[PDB]
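1. need the 3D shape of this:
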Amino acid sequence: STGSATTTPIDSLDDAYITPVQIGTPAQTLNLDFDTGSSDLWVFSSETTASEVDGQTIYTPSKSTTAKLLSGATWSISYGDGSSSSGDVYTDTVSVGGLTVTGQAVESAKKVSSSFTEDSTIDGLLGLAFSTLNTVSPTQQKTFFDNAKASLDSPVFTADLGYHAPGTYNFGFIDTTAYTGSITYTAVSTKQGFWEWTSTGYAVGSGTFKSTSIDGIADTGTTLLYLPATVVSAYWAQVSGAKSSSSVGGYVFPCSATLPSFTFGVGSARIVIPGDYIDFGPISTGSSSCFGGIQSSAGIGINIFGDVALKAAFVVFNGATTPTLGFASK
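-> Residues are numbered from 1 along each chain as shown. Shown next is the protein structure:
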């Protein structure tokens, strides 16, 4: 089997991407944030505290003839941005782009933090990291990908995120029309439960490439590119008037700037992030200070190849017995 679903930016900045997901019988379609940095499929639901729901579509398990309470199971998750959610668990039928899993753990939120409530466009998360990170207790649950894997034509999914445009998540096949040149594959460590890999270095604009190992994660659920402070300083040094602002919480730059590209290495290959991808617009409405898309990972404890980086590539998440990542230009 295979599946193929379109993923759509939630706003004009590509702050996140939503993908429609069918849950239950008859189908209840929710727009979920596919997150390769976490391993829980959780939804706004009929159980979510009413004051914490503001515009999201909810899953109502009592209206699904295939929903079953997973008795005694609870979940609770905290993300890198400080947000959180928790609740109880149902199993139900979940379909993505025509690919169906029966008996998927659907984690029903009883509580969500303010950032979730305030984002009316995201109805929940669908985690695509390794199932070792799943938070369900006392019986850890599998991701949608891990449950689909054995049925897929190939044990892979691919992320093809758009810049200010829709893109695609495919499951079980590699669309050879969706990228240019060849895919470069690179090793993955699953030791922290992430799609963790080592970039071979970087370049700023038309500058020379710096060969240096940068360990980090491929994380579709993180907006920005978070790299070591040395790398990030070298980037923003090429933008007149850019500075790190402790008040704003990262590098800002004059909105009048034209940003340089940023290149990262994948083995001997190179992925180029155009400068425009690094502009996250005014820090507050009408400001002439703009927020940068490349930020320091200092104090986060891991480098994160988030959407800014991934949207410049066609990315293969290879879930074979030995997982690997692939990157192609597009």
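2. what sits closest to the residue most central in space within the chain if chain neighbours are left out?
-> The residue lying closest to the centre of the chain (C-alpha atoms, centre = their mean) is residue 220, at 1.8 Å. In this structure, residue 220 finds its nearest non-sequential neighbour in residue 36, 4.5 Å apart by C-beta to C-beta, 6 or more residues apart in numbering. (C-beta placed from N, C-alpha, C; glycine too.)
3. same check, this time on residue 256
-> Nearest to residue 256 is residue 288, by C-beta to C-beta, 6+ apart, at 7.1 Å.
4. what about the residue nearest to the centre of the chain, which SS state?
-> Three-state call for residue 220 (DSSP: H, G, I helix; E, B strand; the rest coil): coil.
5. so it sits against residue 309, correct?
-> No - contact criterion C-beta atoms under 8 Å: residue 220 and residue 309 do not qualify, at 10.3 Å.
6. got a list of contacts for stretch 322-330?
-> When contacts are defined by C-beta atoms under 8 Å, 6 or more residues apart in numbering, stretch 322-330 is touched by residues 160, 178-188, 190, 195, 197, 218, 266, 269, 271-272, 312-318.
7. and stretch 104-116, by the same measure?
-> Contacts of stretch 104-116 (C-beta under 8 Å, 6+ apart): 23, 40-49, 52, 59, 61, 67, 70, 73, 75, 81-94, 122, 124, 134, 136, 141-142, 144, 147.
8. with stretch 186-195 instead?
-> Residues contacting stretch 186-195 (C-beta under 8 Å, 6+ apart): 36-37, 39, 129-130, 132-133, 196-198, 217-219, 266-267, 302, 317-318, 323-327.
9. mind checking how far residue 85 is from residue 111?
-> 6 Å (C-beta to C-beta, to the nearest Å).
10. just residue 40 next, same as before
-> 14 Å.
11. more neighbours, those two?
-> residue 40 (25 against 14; other C-beta atoms under 10 Å).
12. quick one, what contacts that one?
-> 75, 77, 107, 125, 127, 134-136.
13. nearest spatial neighbour of it, skipping sequence neighbours?
-> Nearest one to residue 40, counting by C-beta to C-beta, 6+ apart, is residue 127 at 4.9 Å.
14. for that neighbour, give its distance to residue 143.
-> Taken as C-beta to C-beta, the span from residue 127 to residue 143 is 6 Å.
15. find residues that contact each of those two.
-> 39, 41, 134.
16. just to revisit the earlier point, my read: the residue nearest to residue 40 touches residue 33, true?
-> No - the criterion here is C-beta under 8 Å, and residue 127 misses it with residue 33 at 9.5 Å.
17. between these two, who's got more neighbours?
-> It is residue 127, of residue 127 and residue 33, that has more neighbours when counted by other C-beta under 10 Å, with 28 against 22.
18. now the strands for the stretch 1-150 of the chain?
-> Assigned strands in the stretch 1-150 of the chain, in chain order: 3-9, 17-23, 28-35, 41-43, 68-78, 84-96, 99-112, 124-127 (criterion: DSSP state E, counting those that start in this stretch).
19. if we can go back for a sec, let me have the shared contacts of residue 127 and residue 143 in TSV, extended by distance to residue 251 and neighbour count.
-> Formatted as TSV, the shared contacts of residue 127 and residue 143 follow (distance: C-beta to C-beta, whole Å; neighbours: other C-beta atoms under 10 Å):
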residue	distance to residue 251	neighbour count
39	30	28
41	34	29
134	34	24
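20. what does the domain assignment say about this structure?
-> Taking curated CATH domains as the reference, the chain has its domains at 5-174, 175-330.
21. rewinding a little: which of the strands of the stretch 1-150 of the chain sits most buried?
-> strand 41-43 (a mean of 29; mean count of other C-beta atoms under 10 Å).
22. give me the sheet partners of that strand and which way each runs.
-> Note on strand 41-43: by DSSP bridges, its sheet partners are strand 99-112 (parallel), strand 124-127 (antiparallel).
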